[PDB]
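As structure tokens, one chain now follows by itself in the form deposited in one PDB entry.
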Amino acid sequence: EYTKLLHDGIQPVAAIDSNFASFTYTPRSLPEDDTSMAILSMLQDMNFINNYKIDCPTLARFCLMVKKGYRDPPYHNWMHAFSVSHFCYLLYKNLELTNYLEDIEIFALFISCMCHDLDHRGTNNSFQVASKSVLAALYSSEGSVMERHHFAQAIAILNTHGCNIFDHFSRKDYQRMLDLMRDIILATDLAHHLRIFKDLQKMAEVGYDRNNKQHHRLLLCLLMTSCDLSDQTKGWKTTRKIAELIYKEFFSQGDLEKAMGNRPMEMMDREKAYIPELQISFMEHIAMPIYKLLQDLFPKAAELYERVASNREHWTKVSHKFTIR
């Protein structure tokens, strides 16, 4: 399994695809069998293997473990985690995060991306609370139920024998790695994003400051959120396709909420849901602000905001006679 992975060395990024390091590249085009390899390539391209002296066999096992630690709902599967991770790599390469963040922080972000939805069951935090799941029992009172479970699953993978990519770290770094991984994964929750939004705008107002450690915090949260939503930054074929997976998942939960006598949200109810207006609402309230904050901090992230705005134009366009339900 893992010996087969490292039986030919770490492939360079250009050999996977020539446009691999570009924003136009859709990582979902890469076959699922070649994705663990692609992770190793990105980690070596960012020079994280040398920097933190990550043992390669251990990194390979960790990667394969993170992979099988996802289930197979329509959207929250390994391929989502992979595409979010690829996008984090695109941010490194194109927005040059090395000028803004510490190396250990960009490393944490990438690792977080791989783990950020570990063991997702195709349902959200409200459903866990509502169905009295053990996850809700463990985490509901602190908030962000699934997010704490994801981090917890990351930890259980990192402490599996032969997967501890941090085992040799200094005490100070091992700890910062743990704090950042938790904070970055928690940041993926809409509720969290809704809190720090005021502080994100103020950061974008005054200008980014490498000496301000709160700006690092907040920048990491914004970056994570923008990797998580990166399906909205590709072409219409990708974005239109991914909407089908998202609602496929949402509609399953909606059915399960009905079977326990709960009234699902409109977006979860296929009898109520008109996808165009829902995505338009998602695009303007959540997605476009996120990428407009990313543009304000990185002028080079202008082409991402436009493609999200474009995709929101495409929803209005195709609304003319789109499937009514």
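Shifts are known only where both forms have a C-alpha. Superpose the two forms; the largest set of C-alphas matching within 1.5 Å is the rigid core. In this text, residue numbers run from 1 along the sequence as written.
Same protein, other form: the form deposited in another entry, not shown, and the subject of what follows.
For the set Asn212, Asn94, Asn164, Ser126, a Cα shift of at least 2 angstroms between the shown form and the other one, after rigid core superposition, holds for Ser126 and for no other residue. Relative to the superposed core, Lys272 shifts its CA atom by 2 Å or more between the shown form and the other one.
Relative to the superposed rigid core, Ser141 undergoes a CA displacement of at least 2 Å between the shown form and the other one.
Wider separation of the C-alpha atoms of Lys67 and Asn125, by 3 angstroms or more, is seen in that other deposited form than in the present form. In that other deposited form, the separation between the C-alpha atoms of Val145 and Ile196 shrinks by 3 Å or more relative to the displayed form.
Core-based superposition between the shown form and the other one shows that the consecutive residues, three or more at a time, whose C-alphas shift by 2 angstroms or more lie in 119-148, 256-260, 265-273.
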